[PDB]
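The listed protein sequences derive, respectively, from chains E and H.
Note that the first sequence covers residues 1 to 49 in this note's numbering.
Note that the second sequence covers residues 50 to 98 in this note's numbering.
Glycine is no exception: its CB is placed at the ideal position from the N, C-alpha and C atoms.
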Amino acid sequence: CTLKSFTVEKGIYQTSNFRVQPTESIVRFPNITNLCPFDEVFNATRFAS
Amino acid sequence: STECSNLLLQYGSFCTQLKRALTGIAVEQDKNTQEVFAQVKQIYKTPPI
Numbered sequence: 001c002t003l004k005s006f007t008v009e010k011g012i013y014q015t016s017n018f019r020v021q022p023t024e025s026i027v028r029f030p031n032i033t034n035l036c037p038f039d040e041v042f043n044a045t046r047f048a049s
Numbered sequence: 050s051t052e053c054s055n056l057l058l059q060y061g062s063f064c065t066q067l068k069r070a071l072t073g074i075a076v077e078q079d080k081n082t083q084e085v086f087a088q089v090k091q092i093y094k095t096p097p098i
């Protein structure tokens with residue numbers, strides 16, 4: 001593929017790059033259980049002028 | 050970045066040019082040492098005395 005030829009002569013050739021694929025994924029987020037009172041802002045009486 | 054990896058393929062084969070260019074330099078470095086330090090056919094060892 002790299003040499004663009006079916007026949008390849010003796011030698012050593014750079015071909016591509018290899019890397020370890022990640023096994024899995026980890027997510028670490030802050031652990032605060034309080035629901036954030038967005039609802040209190042929208043659900044209200046007459047808004048500020 | 051996987052998305053960036055997708056974008057890189059679009060730009061072209063610029064990497065292959067660099068790999069070819071850098072490889073030629075690397076080969077020449079080994080050749081330079083060969084011409085200077087390898088000019089004797091047989092290794093000579095000094096006499097014990």
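Backbone CA spacing between residue i and residue j [nearest angstrom]
i: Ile-74/H; j: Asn-81/H; result: 10 Å
i: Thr-2/E; j: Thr-15/E; result: 6 Å
i: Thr-45/E; j: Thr-33/E; result: 27 Å
i: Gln-91/H; j: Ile-98/H; result: 21 Å
i: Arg-19/E; j: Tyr-60/H; result: 22 Å
Helix, strand or coil at residue i [DSSP, three-state]
i: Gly-11/E; result: coil
i: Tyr-93/H; result: coil
i: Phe-63/H; result: helix
i: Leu-71/H; result: helix
i: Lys-4/E; result: coil
i: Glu-24/E; result: coil
Option in the options with minimal Cα separation from residue i
i: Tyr-13/E; options: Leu-56/H, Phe-86/H, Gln-83/H, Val-76/H; result: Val-76/H
Beta-carbon proximity list for residue i, same chain, < 8 Å, skipping 5 on both sides
i: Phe-6/E; result: none
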